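Single chain ahead, written as structure tokens, the form deposited in one PDB entry.
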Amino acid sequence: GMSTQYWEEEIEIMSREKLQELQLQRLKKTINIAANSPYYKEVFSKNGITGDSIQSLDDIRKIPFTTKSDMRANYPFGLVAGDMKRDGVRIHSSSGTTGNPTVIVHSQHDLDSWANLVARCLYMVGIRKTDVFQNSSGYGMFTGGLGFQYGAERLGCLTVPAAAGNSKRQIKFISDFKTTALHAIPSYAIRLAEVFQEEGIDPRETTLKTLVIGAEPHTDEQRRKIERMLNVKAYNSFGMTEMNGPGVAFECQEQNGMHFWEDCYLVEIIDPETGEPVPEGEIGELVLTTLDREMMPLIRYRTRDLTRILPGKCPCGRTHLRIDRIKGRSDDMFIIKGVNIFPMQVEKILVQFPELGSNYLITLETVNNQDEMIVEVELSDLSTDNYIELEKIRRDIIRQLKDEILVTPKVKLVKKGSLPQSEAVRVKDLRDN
């Protein structure tokens, strides 16, 4: 409380009364901006949403939800509200070519707001400009790459844009550049600790002090295991491309719930069936509204993420609400190696091969603390192909899947009728979650 340091004290410890008037002011502004987009112009016209519709924060429930299906239907720029040709500076797109992906368009204001939120998060968990920050997240279209890169530079850290994989090079950068802060997915942080002891280095005797872990569900125990293996303090990091990427919700040094930055987001916990707000503190679907986005704001977006608001004041002194861990989702999406994948993306690739049967199964397992994706697909007795030709097709399946879902899966061609029958195709998740 008294010894707690803040990036933006006036906002981070702002009274609930002053937070409510800030959210209402930014909510009205967001709706007036969003009304310029072809999608929300249509939505507001059909539901009688005008400039007088929002007088309180509860009036947001007059506006219907924004679903992923709606966003896919308006791909690529149906929800763009600003002047993209003049002020649009970046596009963040989701994976795929078999279906319409998700596109978020940002202006310079939007990138600066996002970079400030990431800097706020990093400063909160004790990271300073004197720290050496290494980002093991994939770059390019992945928001974790450029997101933490801009945020850590804004804070003033000596950044190490290592990007994904090559654990020996990751260990080399930590040892030679004296890395103190590291961003990694929980399973990769365990892999790095393992690679340290393979190279004859004690994973507890490095320059590492702080770890930022996210992109996928993990228990408090899995985080405590990471903390013991590397002799560090690990903090839960929440984000999604739709909400910028990282910097949305983050743990404080109390490591009890993730503080949601309510100055930039309006949080709603809704019953996934009725679509009504859940009783205070119960598990429901996370529904979010951007409050500082201008190029492409999102109003009441159904994230399909399940969580709850943790009650009571936090001893760090911050007034921004805390959410519990995200354990699962209300949709059919699965996360492997921190990458979001829909089972339809896999099916749309497999159906193109006439040598394959219709029956397929996706299995998610943990092998040596690392997550693996196994795609079993039955053979069609219609093919006249021998071993050499079928193996070439199996390698072509791996390659086309890798390009679509942005992860390399294990593909096994199984006997016709070997896989069990159910009748939508299920994803068998055998991981400890």
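What we label the rigid core is the largest C-alpha set whose atoms superpose within 1.5 Å from one form to the other. Start at 1 with the first residue shown and count on from there.
Below, we turn to the form deposited in another entry, even though it does not appear here.
Using a rigid core alignment, state whether the CA of residue 197 is displaced by 2 Å or more between the shown form and the other one.
No; residue 197 is a residue whose C-alpha shifts by less than 2 Å between the shown form and the other one when the cores are overlaid.
Is it true that residue 319 shifts between the shown form and the other one by 2 Å or more at the Cα, once the core is aligned?
Comparing the forms between the shown form and the other one, which are aligned on their rigid core, residue 319 does not shift its C-alpha by 2 Å or more.
Regarding residue 230 and residue 338, go with closer or farther for their CA spacing in the other entry versus this form, the difference being 3 Å or more.
Farther is correct, given that in the other entry the C-alpha spacing of residue 230 to residue 338 is increased by at least 3 Å.
Taking the shown form as reference, are the C-alpha positions of residue 68 and residue 352 brought closer or pushed farther apart in the other entry, with a change of 3 Å or more?
Relative to this form, farther apart in the other entry.
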